[PDB]
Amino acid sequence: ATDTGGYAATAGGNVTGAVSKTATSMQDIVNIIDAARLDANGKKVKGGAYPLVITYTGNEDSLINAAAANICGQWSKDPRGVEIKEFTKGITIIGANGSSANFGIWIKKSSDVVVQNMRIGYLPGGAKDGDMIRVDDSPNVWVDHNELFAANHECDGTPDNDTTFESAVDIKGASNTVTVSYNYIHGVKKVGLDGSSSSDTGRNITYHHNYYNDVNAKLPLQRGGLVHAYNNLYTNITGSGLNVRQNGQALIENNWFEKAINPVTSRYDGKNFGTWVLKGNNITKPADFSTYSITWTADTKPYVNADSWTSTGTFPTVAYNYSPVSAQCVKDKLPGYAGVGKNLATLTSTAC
């Protein structure tokens, strides 16, 4: 089945006619994708020659650890990333338990891509787009069960004063349908875009069962389109959470917010505020703010905060099937299903 619990409906490379390959390193992944574009005669086949399931067994802990020991040395280095460009036959990159990477995965003009069980952290090249996961002009992409991390910190002297590290999951362009789920994202400043500029609006994105801890902003930075965020655990948000911009619409359901600043907002543009439909979150009314350490701040440009904690608009009927557990069960159970080494385990009501 292609059920991702979100707008994306894909099985990645786990489809009929697929070929399985094991990659012991980043270069092997690169070589495996290259080889998968050629037919029996060595001639290139558009979109790839056949579906692919790449099991990555490499471990770059030493690179991740050294980086964590000198974070301000990362931004100026060369970014590292496995590119998945114009591969539409269906592909899955799944890390084996114990695997890790100090390089990211950049999806571009592709479709039917799945990234699971990848432990990616402290990537070099924040000044040159060194993303952990990038989804550009790519619909039906599922980013599931990964651990994306760095340090939620800004070193001095970086370009635009914000490139110490790049994103956990940036989504831009015509990535019309994407599902980001069960990811353990921690120590990340600019978590993930959903449109890279004011003009890059649209897409239908679903963020579910993700565990965010000690993150600054962009959960996501939404521009137009639809965003369905449900069953997420947002703890220690130091800047802002869901920022609904350029008339985007969000459905924020059954999430747990705690020790968070500006959890639901629409800021930094000064106009075209998006809307949100709130329901079943641990926060039900403004009186719950103190209980969950929820604070609010202003901005120099006109903005809208969910400080009345009420819906500011509507949201279309959710297309796909999903069954959210309670916000309490998220708080209680999510940490055991989110991230890597969980065998892609999902949280259901029976496990609450």
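So that there is no doubt, residue numbering starts at 1 and follows the sequence shown.
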Stretch exceeding the other in mean C-alpha B-factor - 271-279, 166-174: 271-279
Per the entry, higher mean C-alpha B factor between 209-217 and 253-261: 253-261
Identity of residue with top Cα B-factor, from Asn65, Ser311, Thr55, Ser293: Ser293
Most elevated Cα B-factor in the entry, residues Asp39, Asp299, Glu60, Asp28: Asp299
Record-listed C-alpha B factor of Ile71: chain third: middle
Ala49 CA temperature factor, ranked by third within the chain: lowest
Chain-wide C-alpha B factor ranking for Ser138, given as lowest, middle or highest third: lowest
Third assignment of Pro159 from its chain's C-alpha B-factors: middle
Lowest, middle or highest third - CA B-factor, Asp144: lowest
